[PDB]
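Visitor: One structure follows; several queries about it will come next.
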There are 2 protein chains.
Amino acid sequence: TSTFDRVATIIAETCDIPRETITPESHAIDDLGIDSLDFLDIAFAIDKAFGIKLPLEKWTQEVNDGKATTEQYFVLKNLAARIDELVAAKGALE
Amino acid sequence: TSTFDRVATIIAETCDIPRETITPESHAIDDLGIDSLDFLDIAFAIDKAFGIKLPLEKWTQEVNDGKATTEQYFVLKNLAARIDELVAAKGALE
């Protein structure tokens, strides 16, 4: 099962959002009716689901230091790529 | 300077929000025109400002486990109380 599909499922069940409406181009923020509280629930679910920790503070720092754009963290297809990166690192550690 | 006042200043300057409109009863979320991206900037600024880390994942877990309400984390007066608690702990460690 692809990382994105796993993410879509998590989001759909975490915020009761119709799975069919979630695409790789959707956003984990300001979209799908996802409010701030909803997003924190998504980040929580993703962390436990993949055994990782979305480093929100670190990401915010990069977007401010001009080292990243919001799209690379919140666009679902890219969020999946961020998760794969965090998984690879956590895997090595394990 | 009170913890709340410090928080109000941070929020005002982080999201360019008129300080006069920030009260102890305001919310760090779904209020003051604060969107999800704005909130993450606020959490970031608070962490560095007080030398602490707002444990967002842990809080989300408590609100889900029925061990806490959103009000005790996002209502500014209460957020200030959460910060004072995190500071006390960090202080002891230091």
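Numbering starts fresh at 1 for the residues of each chain in the structure tokens, the chains themselves are lettered A, B, ... in the order given, and ligands are numbered from 1 as they appear.
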Chain B residues within 10 Å of chain A, counting only C-alpha atoms: which ones, as a list in words?

Guide: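 So the contacting residues turn out to be residues 29, 30, 34, 35, 36, 37, 38, 39, 40, 41, 42, 43, 44, 45, 47, 53, 54, 56, 57, 58, 59, 60, 61, 63, 64 and 70 of chain B.
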
Visitor: If you count only C-alpha atoms, which residues fall within 6 Å of residue 27 in chain A, apart from same-chain ones fewer than 4 positions away, as a PyMOL selection string?

Guide: chain A and resi 31+74-76

Visitor: Could you give me, as number ranges by chain, the residues within 9 Å of range 11-13 of chain A, counting only C-alpha atoms and dropping anything in the same chain fewer than 4 positions from it?

Guide: A: 6-7, 17-22, 28, 39, 41-42, 45-46

Visitor: Please produce an output containing C-alpha atoms for each residue in the selection, written as an mmCIF file, in the first residue's frame.

Guide:
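File selection.cif, as written:
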data_model
loop_
_atom_site.group_PDB
_atom_site.id
_atom_site.type_symbol
_atom_site.label_atom_id
_atom_site.label_comp_id
_atom_site.auth_asym_id
_atom_site.auth_seq_id
_atom_site.Cartn_x
_atom_site.Cartn_y
_atom_site.Cartn_z
ATOM 1 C CA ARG A 6 -2.118 5.183 3.941
ATOM 2 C CA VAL A 7 -2.159 8.914 4.640
ATOM 3 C CA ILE A 17 -13.753 12.971 5.595
ATOM 4 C CA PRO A 18 -14.942 11.021 2.522
ATOM 5 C CA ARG A 19 -11.894 9.115 1.260
ATOM 6 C CA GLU A 20 -12.933 9.628 -2.375
ATOM 7 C CA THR A 21 -12.399 13.366 -1.948
ATOM 8 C CA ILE A 22 -8.772 13.017 -0.826
ATOM 9 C CA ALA A 28 -3.463 18.589 5.035
ATOM 10 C CA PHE A 39 -4.668 18.998 11.543
ATOM 11 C CA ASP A 41 -5.254 15.145 15.080
ATOM 12 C CA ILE A 42 -3.875 14.178 11.672
ATOM 13 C CA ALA A 45 -2.446 9.854 13.877
ATOM 14 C CA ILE A 46 0.389 9.888 11.316
#

Visitor: Step one, run DSSP on the backbone; step two, keep only residues of chain A assigned to helix (DSSP H, G or I); then write them as a ChimeraX atom specification.

Guide: /A:3-14,19-21,36-50,56-64,71-74,76-93

Visitor: Set the distance at 10 Å and use only C-alpha atoms: which residues neighbour residue 90 in chain A once local chain neighbours fewer than 6 positions away are removed? I'd like the list as a CSV table (one decimal) with N, CA and C atoms, in the first residue's frame.

Guide:
chain,number,residue,atom,x,y,z
A,50,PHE,N,2.9,5.6,11.5
A,50,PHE,CA,4.2,5.3,10.9
A,50,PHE,C,5.4,5.1,11.9
A,51,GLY,N,5.1,5.3,13.2
A,51,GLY,CA,6.1,5.2,14.2
A,51,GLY,C,7.2,6.3,14.0
A,52,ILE,N,6.7,7.5,13.7
A,52,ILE,CA,7.6,8.6,13.5
A,52,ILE,C,7.1,9.8,14.2
A,53,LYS,N,7.7,11.0,14.1
A,53,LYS,CA,7.3,12.2,14.7
A,53,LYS,C,7.4,13.3,13.7
A,84,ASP,N,8.1,9.3,4.2
A,84,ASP,CA,9.1,8.3,3.7
A,84,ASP,C,10.5,8.6,4.2
